[PDB]
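Peer 1: Structural data only, the sequence is not supplied:
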Ligand SMILES: O=CCCCC[C@@H]1SC[C@@H]2NC(=O)N[C@@H]21
Ligand SMILES: O=CCCCC[C@@H]1SC[C@@H]2NC(=O)N[C@@H]21
């Protein structure tokens, strides 16, 4: 083969040497090997041809005239070319010049002749070809047409004989026209007249293969005619009739999943580029995986979930109130790590210990495992589905109620949503096995809590209304958040139909005396209502606070596994179990089971050393009674301060946090209000501002977006109202939200969103995907693109996820039950000319290689811009950030306070505003430019 | 396969996992995989079985009772064993106990269970087996019996279907009994009931293979039933009738060359272990290949070889004498590099310039390209065939006579050979295209020269008798090698029928006055004889010496290409051509052609920088008139002195060379006599001996083997005889050779040697291989083993041969005309657990990997031994070397001068002898031990 039948000079050289060529005559090989001559012969034989130029085109102008006459699409083809090279389809006039030039250069390089011709492009043709056989006596026998339509880039891959579902009349036309064409040239060998068949059943001649084709074999199998025997005997001078070959005697006789490669691509990416998750501290994960304790064979014992499923939320609440002793709940699944390892704990590690929890802790009130930061963090930083985590944990723990932290009018998100999104989220959360909804508001703003309670109750969930605790009820000088404030809010939440009343001490402010006073007052007022107390051990007094709550008549307290307790986490489970043992408050939890649970979590916490709060805080700190910083905010505020170069000033940041809380009006501090106070505190320290200076200059200063959105009312109304005149000075003419922010939002069309997601990602979009996109559109889009590239990263152990494999390291990855990948990392190559490294693996005893991309290998940048602090017209970047939008151009008049650009840094759009009226002289920045602090954005005159 | 159908626990584990096992049920696999259970079922089905025990035998007594009942021969078989292991035939009672014990131990070791059973041994059975197929509906279709009787140690080798010449009634019994057996167990897959058929046509069941056998293919080819399709469809639950399978429808129908991998293995070896050729200096080969000058298209012009081929040796000699002008000859092909790069120039580089030489230097008298050191060095260090070099150069240069340096009674070797080897060497050299034989002796010993002249003349070669020049014929104080000595030897060589007379000045001692005197005296005596003068430019006077010879009536002078001339090489070709231009001695060689030739060789010499004499000698040196060290010996003696730690004492070595020459009797100094003087000079300097001390202590000292063999007479007799009493003192009672050393050697049987080589290396042994083995047995053996491992290394360029490729380096290797390898080196791995590195290549766009061996990666040793110089009984190693042989043991009495051990260092067996009479107290060395200088060999008391 090798397209040698195109050439005749070899056939002639055989004849001149006195050696027979077993094929057509040199004249027939020449006539049929020239596509222009062969086409002219086909027209003369009355065989239909594709509409096309009669000669090779010499100019782009002839291609333009052809395109005007026949319309697009058209195809350029090399006049002297075979095998699919030097061919270009053109769909439009804009493409014509580029594709002509490329087709010409490719034809010149491949065939030594750049001559092109133009044809009409037949869209979605069948490639049908007819086997012919001729003798030296002018007998021509055709053979049944084959189907060669299964092609990759115009190369044949699979060939079928006869053509499947071909119209018998079309078959007769194809075979008759092949025999006519062959007779017209005096053809004398096995050969193949090729056609394109359009969707309307018209056939068009394209080319004749004068060489026994690769696919002759399927014709032999359906005709019982040995083509190579026939070729030899014809070259001996035998006639087709003498071979028994007559036309009347010839009859017809009879998305791939790539999960393993995507995982190897992730592992190769981490080996070349480092961790894909941002690492805050230079600590390495443990090299040893945690030891999983032994679990009994069988279903776990019946728990409080069996009561909830049998008797509903009110039956569950009565069973909790009637329980003899103290009930505990496990927050290790979410709250404990959110505080200690910043919610980085992966579904992989949670699943390993889940069967042990189900068997040995079946008497837990609930396990807190989802809501708070876990929803965003799972998608954004762990690249895993939070819903799959819920479903898989629910299968492994069938007997313990699952609890989530729900914001009342915001669900698990950072902004307000239309009510129908919050309702649909609670419905789908309950369907996926969520049982208890701890409904809180960041300001205790009752209208937001009532919506979340109604949404959770309408879903059929246990409504736990949570009052966020701030201040000190035992301090008579703190009048704003008095005992009467808490009692009055509890009365409104009980009237709203809460099944359980929670006190949420998010910072660890509840002193044992305040515990006794608050919990006894609530118990005396509500004798039949279950009381749930949540605290943090930030002060090192959380165990004593929870014992005081239990003695004052709390039915439930929040605890964590001992190795996941203390500091900014919950009180120790083992400490509470040991201290209540043999009292009327005994939890009946065996201490040995708490130890085995803690040992697993000690090993697992070692995998997260890169995120551990102990890198920055070695113990609990009693300054929390002054600063009131929540556990998860303390860790985040420290990492942010270090990233901004304020790490040495963190004591000033804590002092500014107290001042910022007062300036803002001493509001409750929990996500997102704790972040708003944090951003203001960092802003004050960064700019060297005292409270009095920041309040005096409030009309001139560009406050953090979170502070502005709070003052606008986007998170609800704080107790006692907003601080005036401070709010009016910061907002100026900015729009204000009155009442509940979600109440003015139009309902989101979830069916329109589902359709958009199906169009973008394919038919596997679920209701969980729609709700994830509705709450977190950019995060969900990034998560889908990332998992489309790298596959199911939840299958990797946490060390391999964070650091990848070492060279010569061998490990196992379970994709599904009974599908293990044995993977060994072998080598990483040097950088190629495309800026890629080749990573080599063994996968199930076989060499694999993946091309990866090393940005670190080739990284450089330059920052021009500086703003003179003394020149009011020079606008510097107020933070390191990326330019999202530029609102002004050079020569534009700008008013004082007018938006100039939008920076996106630390996951917060900051609008940079004009400090003066003037004319923009020059803009120094571009869209997507990265700026450092004080980089010159623009000049104003 | 692997006898896995014996096991059912896998079939059960598939069923328990919900995965279909494509085979019989786990119960059928168990029943049929147990030979005792399967046999009991065969008896119950009425199928004949071999007479045998009903249970596994527990005692030798049960084997005795069985043997009494059934008679011998019997066979022990493992009860739980397959594949012919744990089986023993017993022919007699004397064999019963041994064979039982062996069969039991083999069964226990192979299968974990020693249980045996006894059967009657069927003598000379046919092994006939029947293919069965069953479905889940109880349909069983048998297929025709196969013949598996062609066995080696009970393993099947050749299988036939149907069984050849099988009785049709026996076939029907076999197939009926297989179908009965299969029905009795409810069999459900393709399977094989096996039988032994005796010489009387009785069949006996042995075993059923429940796994699609290796030999199923011959059954498919005779039945047109795809067994694997049938196995799959039966496992889908289809019936045999629904598959069209009914018994009535089933009928009977009737060394690879690895050159590219071996080259990649060499390149990988050099990348891991470094150069395979010993590198004397820390210089790197040039990264640039030499530019080959343009060659005319066509055959080269007629030269002096066309005269030689037309008119024979005497016609050639007359044409040389009658030539108007000075003829030149090119030593560059051999002598020039032997002196400068120590003969490391490869066939690869010689071939590249050969066509240019043929066209532009067609008037050369000859080109010297083979003999001297080139024969051994090509095989030993370049791993290339010297004969292939001769043949390929002869094809490329058809028109210039080829010249070799031939030792008269030793050919190109280092020892004397039987005469028939020297004659056969000259014959095969002439057949391979050698034209001129420069016959010399290292001592001008006429009887050795006459044999070499007769051998070369009898082959039909041009005999050039060469007188080796030493001394100064212009110095009347040097009486030993006077003008009369040279004239008298010339008369004897002319009387012996030399065609050409050569003066070989191997050191560059011929001063212009001595040239004039010697050459004019020879010309006056022999007016019609061609005179050829060879010198070296070691003194920097060689050009002036050759001009004086040409003026005195020399017809030919030796020259080298300018970049390969001077120093220890020949005089410059360009200098001689330029100095004779426009005189009666004009060479008619165009200077531009000499420049292009020199430029190629300048580039090529850069590839050999690692061997260049300029590492040690920056110019010619006139001290050669005092030391008389030949060019090639100077370079070698310096490298040896540096390897022995005497490099800083090389001036003392040159002085000791003069003293050693005198002590030995002032013999001519050329290979091997120049080495003998060199070894003595190094020995004197190493031991701090003056001439007078070495002559006084000659009975006590252990001289170098080369000096001893010289004094014995193994190289011939020196002019003036051996030095007495020095010879008698060194030799003592050692055997003396009188006369010509080859004359007492029995003829070598070359046909016996050819047969030995064919038995060792296969049928590709040539007459050239036989002669190479006859002259250099150990070198030739090593060369064949090396080229068997690494392939045709002559195809590699010289840089890649010496240093291998760099990582990411791409290069071409031409194996044959039109067969190019594109090779890229990609990576080298770390050391594996087997002490190997994996080297990765791209070969013709494809990844290749080779496992190589890094001795350097894992190299360590320890030397205990030291000999106190003051303790006469402590025998130290006289040189660094390897222990070849140990001649004595502890407790042996030894006489003074008795051989103690043989050391092999610097390619020279040195016998270590006792300095005293005594008893060997202790031997400290082992065979193959490597010793340093002064390492304690043994103690004598
Ligand atoms: O880096 C960006 C923020 C990542 C999430 C931080 C969570 S949101 C829930 C909790 N409350 C806070 O103020 N921060 C953490
Ligand atoms: O390394 C061992 C010796 C290698 C060959 C040396 C050659 S033999 C021809 C010539 N004459 C000498 O004395 N040495 C060189």
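Peer 2: Received it, and whenever you're ready, just let me know what you need. Residues are numbered from 1 along each chain as shown, chains lettered A, B, ... in the order given. Ligands and ions are numbered 1, 2, ... in the order given.
Peer 1: Run a quick neighbour tally on residue A:283.
Peer 2: Residue crowding around residue A:283 was assessed by other CB atoms under 10 Å in any protein chain shown; the count is 15. No exception for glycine: its C-beta is placed from N, CA and C like everyone else's.
Peer 1: brain fart, residue A:806
Peer 2: By the criterion of other CB under 10 Å, residue A:806 has 11 neighbours.
Peer 1: Would you mind measuring from it to residue A:830?
Peer 2: Taking CB to CB, to the nearest Å as the criterion, residue A:806 is separated from residue A:830 by 19 Å.
Peer 1: go on, residue A:275?
Peer 2: Shown here: residue A:275 relative to residue A:830, a distance of 22 Å by CB to CB.
Peer 1: same question, residue A:176
Peer 2: In this structure, residue A:176 lies at 62 Å from residue A:830, with CB to CB as the measure.
Peer 1: Locate the residue of the stretch 51-200 of chain A found nearest ligand 1 within the secondary structure: which element?
Peer 2: Scanning the stretch 51-200 of chain A for proximity to ligand 1 using CB to the nearest ligand atom identifies residue A:94 as nearest, at 44.3 Å. In the assignment (DSSP states H and E), residue A:94 maps to no helix and no strand.
Peer 1: Repeat that for the one 5 residues further on.
Peer 2: Secondary-structure assignment from DSSP H and E places residue A:99 in helix A:96-111.
Peer 1: tell me which residues of that helix are tucked away?
Peer 2: Residues of helix A:96-111 classed as buried by neighbour count (16 or more other CB atoms under 10 Å in any protein chain shown): A:96, A:99-100, A:103-104, A:106-107, A:110-111.
Peer 1: With stretch A:728-748 instead?
Peer 2: Neighbour counts using 16+ other CB under 10 Å place A:729-731, A:737, A:740-742, A:748 of stretch A:728-748 among the buried residues.
Peer 1: same deal with stretch A:506-525?
Peer 2: Within stretch A:506-525, the residues that count as buried by 16+ other CB under 10 Å are A:506-512, A:514-522.
Peer 1: Narrow these to those in helices?
Peer 2: The helices in this structure, assigned by DSSP state H, contain A:512, A:514-522 from the buried residues of stretch A:506-525.
Peer 1: Now for those: which two are most distant?
Peer 2: Within these, A:512 and A:522 form the most distant pair, 15.8 Å apart (CB to CB).
Peer 1: which residue packs closest to residue A:535, ignoring adjacent ones?
Peer 2: When the adjacent residues along the chain are set aside, residue A:535 lies closest to residue A:505, with 4.2 Å between them (CB to CB, 6 or more residues apart in numbering or on different chains).
Peer 1: err, residue A:733, not the other one
Peer 2: For residue A:733, ignoring the flanking residues on the chain, the nearest one in space by CB to CB, 6+ apart is residue A:897 at 7.9 Å.
Peer 1: residues touching residue A:266, list them.
Peer 2: Under the criterion of CB atoms under 8 Å, 6 or more residues apart in numbering or on different chains, the contact partners of residue A:266 comprise A:276, A:790-791, A:793, A:796.
Peer 1: For the stretch 401-550 of chain A, just list every one of the helices.
Peer 2: Using DSSP state H, counting those that start in this stretch, the helices of the stretch 401-550 of chain A run over residues A:419-431, A:446-458, A:483-495, A:512-525, A:542-551.
Peer 1: okay if I get those as a markdown table plus distance to residue B:648?
Peer 2: Written out in a markdown table, the entries for these read as follows (distance: least, CB to CB, whole Å):
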| stretch | distance to residue B:648 |
| --- | --- |
| helix A:419-431 | 89 |
| helix A:446-458 | 94 |
| helix A:483-495 | 98 |
| helix A:512-525 | 91 |
| helix A:542-551 | 82 |
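Peer 1: just so I know, which of those helices lies nearest residue A:823?
Peer 2: For the helices of the stretch 401-550 of chain A, distance to residue A:823 was read as CB to CB. The smallest value, 35.6 Å, belongs to helix A:419-431.
Peer 1: Which elements pack onto the closest one?
Peer 2: Under the contact definition 3 or more CB pairs under 8 Å, 6 or more residues apart in numbering or on different chains; DSSP states H and E, helix A:419-431 sits against helix A:446-458, helix A:750-761, helix A:767-775.
Peer 1: one more time with 6 Å, if that's ok
Peer 2: helix A:446-458, helix A:767-775 (3 or more CB pairs under 6 Å, 6 or more residues apart in numbering or on different chains; DSSP states H and E).
Peer 1: Let's have those helices in a markdown table, adding distance to chain B and mean neighbour count.
Peer 2: As requested, those are arranged in a markdown table below (distance: least, CB to the nearest CB, whole Å; neighbours: other CB atoms under 10 Å in any protein chain shown):
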| stretch | distance to chain B | mean neighbour count |
| --- | --- | --- |
| helix A:446-458 | 40 | 23 |
| helix A:767-775 | 29 | 22 |
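Peer 1: Nearest to residue A:53, out of those?
Peer 2: For the helices and strands packed on helix A:419-431, proximity to residue A:53 was assessed by CB to CB; helix A:767-775 is nearest, at 51.5 Å.
Peer 1: Quick check: next helix or strand after the strand or helix carrying residue A:660?
Peer 2: Following DSSP H and E, the helix or strand that holds residue A:660 is helix A:650-664. Next in sequence after helix A:650-664, counting helices and strands by DSSP H and E, comes helix A:673-686.
Peer 1: tell me which parts of the stretch 501-650 of chain A are close to ligand 1?
Peer 2: If contacts are counted using CB under 6 Å from any ligand atom, the residues of the stretch 501-650 of chain A sitting beside ligand 1 are A:632-633, A:636.
Peer 1: got the residues you listed as JSON lines, with neighbour count, secondary structure and distance to residue B:842 columns?
Peer 2: Listed next are these as JSON lines, based on neighbours: other CB atoms under 10 Å in any protein chain shown; DSSP: H, G, I helix; E, B strand; the rest coil; distance: CB to CB, whole Å:
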{"residue": "A:632", "neighbour count": "26", "secondary structure": "helix", "distance to residue B:842": "53"}
{"residue": "A:633", "neighbour count": "25", "secondary structure": "helix", "distance to residue B:842": "56"}
{"residue": "A:636", "neighbour count": "20", "secondary structure": "helix", "distance to residue B:842": "51"}
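Peer 1: so which of those would you say is closest to residue A:308?
Peer 2: With CB to CB as the yardstick, the closest approach to residue A:308 among those comes from residue A:632, at 28.3 Å.
Peer 1: can I assume the closest one is in contact with residue A:337?
Peer 2: No: in this structure, residue A:632 is not within contact of residue A:337 by CB atoms under 6 Å, at 9.8 Å.
Peer 1: re earlier: next, format the helices and strands packed on helix A:419-431 as JSON lines and append distance to ligand 1.
Peer 2: Below are the helices and strands packed on helix A:419-431 laid out as JSON lines (distance: least, CB to the nearest ligand atom, whole Å):
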{"stretch": "helix A:446-458", "distance to ligand 1": "16"}
{"stretch": "helix A:767-775", "distance to ligand 1": "13"}
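Peer 1: quick one: contacts for residue A:571?
Peer 2: A:537, A:542-543, A:546, A:559 (CB atoms under 6 Å, 6 or more residues apart in numbering or on different chains).
Peer 1: With residue A:295 instead?
Peer 2: Residue A:295 sits next to A:355-356, A:359 when contact means CB under 6 Å, 6+ apart.
Peer 1: roughly how far apart are it and residue A:605?
Peer 2: Using CB to CB, we find residue A:295 at a distance of 21 Å from residue A:605.
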